[PDB]
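K.L.:
Sharing target_22.cif (mmCIF, C-alpha atoms) below.
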```cif
data_entry
loop_
_atom_site.label_atom_id
_atom_site.label_comp_id
_atom_site.auth_asym_id
_atom_site.auth_seq_id
_atom_site.Cartn_x
_atom_site.Cartn_y
_atom_site.Cartn_z
CA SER F 1 99.81 48.26 102.41
CA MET F 2 99.94 45.70 105.25
CA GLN F 3 101.63 48.20 107.57
CA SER F 4 99.69 48.34 110.84
CA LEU F 5 100.21 45.48 113.34
CA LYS F 6 103.64 44.02 112.93
CA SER F 7 104.91 47.31 111.54
CA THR F 8 104.28 49.24 114.77
CA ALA F 9 105.92 46.38 116.67
CA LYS F 10 108.94 46.75 114.35
CA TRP F 11 109.61 50.43 114.91
CA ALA F 12 108.81 50.31 118.63
CA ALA F 13 111.12 47.25 118.84
CA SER F 14 114.24 49.15 117.81
CA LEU F 15 114.98 52.57 116.31
CA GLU F 16 117.16 50.76 113.77
CA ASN F 17 114.10 48.88 112.48
CA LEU F 18 112.41 52.26 112.11
CA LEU F 19 115.41 53.79 110.31
CA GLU F 20 115.73 50.63 108.19
CA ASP F 21 112.15 49.88 107.13
CA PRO F 22 111.01 52.32 104.38
CA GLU F 23 107.45 52.56 105.75
CA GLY F 24 108.99 53.28 109.12
CA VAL F 25 110.92 56.27 107.84
CA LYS F 26 107.82 57.27 105.85
CA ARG F 27 105.04 57.18 108.46
CA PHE F 28 107.42 58.23 111.26
CA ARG F 29 108.48 61.26 109.23
CA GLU F 30 104.87 62.31 108.63
CA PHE F 31 104.36 62.31 112.41
CA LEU F 32 107.32 64.56 113.26
CA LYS F 33 106.53 66.43 110.06
CA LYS F 34 103.07 67.49 111.17
CA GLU F 35 104.40 68.03 114.70
CA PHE F 36 107.25 70.08 113.15
CA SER F 37 110.37 68.00 113.79
CA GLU F 38 110.96 66.80 110.24
CA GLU F 39 114.29 68.59 110.59
CA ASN F 40 115.23 65.88 113.10
CA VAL F 41 114.23 62.87 110.98
CA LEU F 42 115.71 64.34 107.78
CA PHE F 43 118.93 65.29 109.58
CA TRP F 44 119.76 61.68 110.44
CA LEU F 45 118.82 60.42 106.97
CA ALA F 46 120.87 63.17 105.35
CA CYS F 47 123.99 62.66 107.48
CA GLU F 48 123.80 58.87 107.01
CA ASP F 49 123.36 59.13 103.24
CA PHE F 50 126.04 61.82 103.35
CA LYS F 51 128.16 59.24 105.18
CA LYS F 52 127.47 56.57 102.55
CA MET F 53 127.96 58.50 99.30
CA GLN F 54 129.10 61.99 98.18
CA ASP F 55 131.82 63.66 96.07
CA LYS F 56 134.43 65.87 97.81
CA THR F 57 133.13 69.31 96.74
CA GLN F 58 129.50 68.18 96.97
CA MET F 59 130.14 66.74 100.43
CA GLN F 60 131.56 70.00 101.69
CA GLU F 61 128.62 71.98 100.30
CA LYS F 62 126.32 69.30 101.76
CA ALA F 63 128.07 69.58 105.13
CA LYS F 64 127.17 73.25 105.44
CA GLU F 65 123.81 72.50 103.80
CA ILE F 66 122.59 70.01 106.43
CA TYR F 67 124.06 72.20 109.18
CA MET F 68 122.33 75.34 107.88
CA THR F 69 119.00 73.60 107.22
CA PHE F 70 118.58 71.30 110.25
CA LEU F 71 120.85 72.89 112.87
CA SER F 72 122.36 76.32 112.17
CA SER F 73 122.04 79.08 114.78
CA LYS F 74 118.26 79.25 114.19
CA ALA F 75 117.16 77.19 111.17
CA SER F 76 113.66 78.58 111.86
CA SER F 77 113.55 75.96 114.63
CA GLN F 78 116.37 73.40 114.89
CA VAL F 79 116.13 70.36 117.16
CA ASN F 80 116.91 71.13 120.80
CA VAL F 81 120.43 69.65 120.95
CA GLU F 82 124.08 70.66 120.64
CA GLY F 83 124.02 73.04 117.67
CA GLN F 84 123.13 76.65 118.61
CA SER F 85 126.72 77.89 119.02
CA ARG F 86 128.31 74.60 117.94
CA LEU F 87 130.20 73.81 114.72
CA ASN F 88 129.85 77.28 113.17
CA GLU F 89 130.89 77.97 109.55
CA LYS F 90 134.49 78.05 110.82
CA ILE F 91 134.53 74.22 110.83
CA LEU F 92 132.48 74.00 107.62
CA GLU F 93 135.51 75.57 105.93
CA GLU F 94 137.21 72.20 106.56
CA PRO F 95 134.35 69.66 106.88
CA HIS F 96 134.59 65.86 106.87
CA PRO F 97 131.83 63.18 106.60
CA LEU F 98 132.49 61.28 109.84
CA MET F 99 132.50 64.57 111.76
CA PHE F 100 128.71 64.60 111.37
CA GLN F 101 128.48 60.96 112.46
CA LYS F 102 129.47 62.32 115.88
CA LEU F 103 126.31 64.46 115.90
CA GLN F 104 124.50 61.57 114.21
CA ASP F 105 125.23 59.12 117.02
CA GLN F 106 124.25 61.92 119.40
CA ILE F 107 120.91 62.63 117.68
CA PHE F 108 120.41 58.85 117.41
CA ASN F 109 120.48 58.68 121.22
CA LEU F 110 118.26 61.75 121.58
CA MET F 111 116.03 60.32 118.85
CA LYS F 112 115.29 57.11 120.73
CA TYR F 113 114.53 59.02 123.94
CA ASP F 114 112.61 61.98 122.48
CA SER F 115 111.14 60.64 119.23
CA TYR F 116 109.79 57.51 120.98
CA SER F 117 108.22 59.72 123.65
CA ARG F 118 106.68 61.59 120.70
CA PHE F 119 105.49 58.73 118.47
CA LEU F 120 104.24 56.73 121.47
CA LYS F 121 102.65 59.97 122.73
CA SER F 122 100.25 60.30 119.82
CA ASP F 123 100.12 56.64 118.74
CA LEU F 124 99.59 56.51 114.96
CA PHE F 125 98.45 52.92 115.55
CA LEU F 126 94.97 54.33 114.94
CA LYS F 127 93.66 55.33 111.50
CA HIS F 128 91.97 58.27 113.22
CA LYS F 129 95.49 59.60 113.86
CA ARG F 130 97.44 58.14 110.95
CA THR F 131 95.35 59.36 108.03
CA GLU F 132 94.17 56.36 106.01
CA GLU F 133 90.47 56.55 106.89
CA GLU F 134 88.99 55.42 103.55
CA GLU F 135 88.62 51.76 102.55
CA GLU F 136 90.18 50.33 99.40
CA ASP F 137 86.72 49.08 98.36
CA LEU F 138 86.78 50.13 94.69
#
```
Mind turning this structure into structure tokens?
P.N.:
Amino acid sequence: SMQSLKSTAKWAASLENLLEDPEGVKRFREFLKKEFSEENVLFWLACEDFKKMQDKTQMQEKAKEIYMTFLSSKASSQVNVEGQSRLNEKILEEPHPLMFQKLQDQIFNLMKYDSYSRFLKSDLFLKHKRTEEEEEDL
């Protein structure tokens, strides 16, 4: 893996680069993951993939799925955004894909602000933070 120099420049260039480059989504997830915000990173991925492909019934069950897992009223955490008393199952009884893209664009904005202030808080630019440690050697 050559991901160190240019890679960090990529993701700290634009959030799109991060959410485009596989290694970005990988290493960035691990960060929030261990800091307990994987709900955030997975939410965007899920709603975007949900936006790109899904059958009708599946989509509806996935609508309530992503809501219940990442947002919900508690979700054993949830990201601190519009969600607590928002949506509610009452709208999941008639859910549509693009309706989440509203929250997606929202979390995208919050993501840049917050998630940058997180990733650039504990810079994984160091191997002593991003766990590689060992050499390839043999």
K.L.:
In Å, rounded to a single decimal, give me how far CA of residue 100 in chain F is from CA of residue 61 in chain F.
P.N.:
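Straight-line distance from CA of residue 61 in chain F to CA of residue 100 in chain F works out to 13.3 Å.
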K.L.:
Evaluate the PyMOL selection byres ((chain F and resi 50-57) around 12) against this structure - the residues, as a ChimeraX atom specification, please.
P.N.:
/F:42-49,58-66,92-102,104
K.L.:
Identify, on the basis of all atoms listed in the file, every residue whose closest approach to residue 81 in chain F does not exceed 12 Å; exclude the query and any residue fewer than 3 positions from it along the same chain; express the result as a ChimeraX atom specification.
P.N.:
/F:40,70-74,77-78,84-86,103-104,106-111,114
K.L.:
Pick out the closest residue to residue 17 in chain F from this set: F:112, F:39, F:87, F:125. Count all atoms listed in the file.
P.N.:
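Of the candidates, the smallest distance to residue 17 in chain F is held by F:112.
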K.L.:
Rounded to one decimal place, report the CA of residue 82 in chain F-CA of residue 31 in chain F distance in Å.
P.N.:
22.9 Å
K.L.:
Grab the CA of residue 9 in chain F to CA of residue 136 in chain F distance for me, in Å with one decimal place.
P.N.:
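Atom-to-atom, CA of residue 9 in chain F and CA of residue 136 in chain F are spaced 23.7 Å apart.
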K.L.:
Residue 118 in chain F: which residues within 12 Å, counting all atoms listed in the file, same-chain residues fewer than 2 positions away excluded, as a list in words?
P.N.:
residues 12, 28, 29, 31, 32, 33, 34, 35, 36, 37, 110, 111, 112, 113, 114, 115, 116, 120, 121, 122, 123 and 124 of chain F
K.L.:
From the set F:89, F:20, F:137, F:132, which residue has the shortest atom-to-atom contact distance to residue 4 in chain F, counting all atoms listed in the file?
P.N.:
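Closest to residue 4 in chain F, using all atoms listed in the file: F:132.
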K.L.:
Would you please work out which residue, of F:68, F:138, F:126, F:41, is nearest to residue 5 in chain F when using all atoms listed in the file?
P.N.:
F:126
K.L.:
Hey, could you patch up range 21-39 of chain F with N, CA and C atoms and hand it over as a JSON list (two decimals), in the coordinates of the input?
P.N.:
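Output (result_15.json):
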```json
[["chain", "number", "residue", "atom", "x", "y", "z"],
["F", 21, "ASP", "N", 113.38, 50.15, 107.87],
["F", 21, "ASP", "CA", 112.15, 49.88, 107.13],
["F", 21, "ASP", "C", 111.64, 51.16, 106.47],
["F", 22, "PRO", "N", 111.46, 51.15, 105.13],
["F", 22, "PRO", "CA", 111.01, 52.32, 104.38],
["F", 22, "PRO", "C", 109.75, 52.94, 104.98],
["F", 23, "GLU", "N", 108.73, 52.11, 105.19],
["F", 23, "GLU", "CA", 107.45, 52.56, 105.75],
["F", 23, "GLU", "C", 107.65, 53.19, 107.12],
["F", 24, "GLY", "N", 108.63, 52.68, 107.86],
["F", 24, "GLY", "CA", 108.99, 53.28, 109.12],
["F", 24, "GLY", "C", 109.40, 54.72, 108.95],
["F", 25, "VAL", "N", 110.42, 54.93, 108.12],
["F", 25, "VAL", "CA", 110.92, 56.27, 107.84],
["F", 25, "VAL", "C", 109.82, 57.15, 107.23],
["F", 26, "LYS", "N", 108.92, 56.54, 106.47],
["F", 26, "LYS", "CA", 107.82, 57.27, 105.85],
["F", 26, "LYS", "C", 106.85, 57.78, 106.91],
["F", 27, "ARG", "N", 106.13, 56.85, 107.53],
["F", 27, "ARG", "CA", 105.04, 57.18, 108.46],
["F", 27, "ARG", "C", 105.57, 57.91, 109.70],
["F", 28, "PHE", "N", 106.78, 57.56, 110.13],
["F", 28, "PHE", "CA", 107.42, 58.23, 111.26],
["F", 28, "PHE", "C", 107.75, 59.68, 110.91],
["F", 29, "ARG", "N", 108.20, 59.91, 109.67],
["F", 29, "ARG", "CA", 108.48, 61.26, 109.23],
["F", 29, "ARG", "C", 107.21, 62.09, 109.29],
["F", 30, "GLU", "N", 106.13, 61.57, 108.71],
["F", 30, "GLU", "CA", 104.87, 62.31, 108.63],
["F", 30, "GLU", "C", 104.46, 62.80, 110.02],
["F", 31, "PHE", "N", 104.67, 61.95, 111.03],
["F", 31, "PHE", "CA", 104.36, 62.31, 112.41],
["F", 31, "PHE", "C", 105.13, 63.55, 112.84],
["F", 32, "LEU", "N", 106.46, 63.44, 112.88],
["F", 32, "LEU", "CA", 107.32, 64.56, 113.26],
["F", 32, "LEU", "C", 107.08, 65.75, 112.35],
["F", 33, "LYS", "N", 106.77, 65.45, 111.11],
["F", 33, "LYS", "CA", 106.53, 66.43, 110.06],
["F", 33, "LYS", "C", 105.39, 67.36, 110.44],
["F", 34, "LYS", "N", 104.27, 66.75, 110.80],
["F", 34, "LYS", "CA", 103.07, 67.49, 111.17],
["F", 34, "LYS", "C", 103.19, 68.08, 112.57],
["F", 35, "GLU", "N", 104.09, 67.51, 113.37],
["F", 35, "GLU", "CA", 104.40, 68.03, 114.70],
["F", 35, "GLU", "C", 105.57, 69.03, 114.64],
["F", 36, "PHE", "N", 106.14, 69.16, 113.44],
["F", 36, "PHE", "CA", 107.25, 70.08, 113.15],
["F", 36, "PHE", "C", 108.54, 69.65, 113.85],
["F", 37, "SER", "N", 109.09, 68.56, 113.35],
["F", 37, "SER", "CA", 110.37, 68.00, 113.79],
["F", 37, "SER", "C", 110.96, 67.18, 112.64],
["F", 38, "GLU", "N", 110.50, 67.48, 111.43],
["F", 38, "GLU", "CA", 110.96, 66.80, 110.24],
["F", 38, "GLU", "C", 112.44, 67.09, 110.03],
["F", 39, "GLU", "N", 112.88, 68.21, 110.60],
["F", 39, "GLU", "CA", 114.29, 68.59, 110.59],
["F", 39, "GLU", "C", 115.12, 67.49, 111.25]]
```
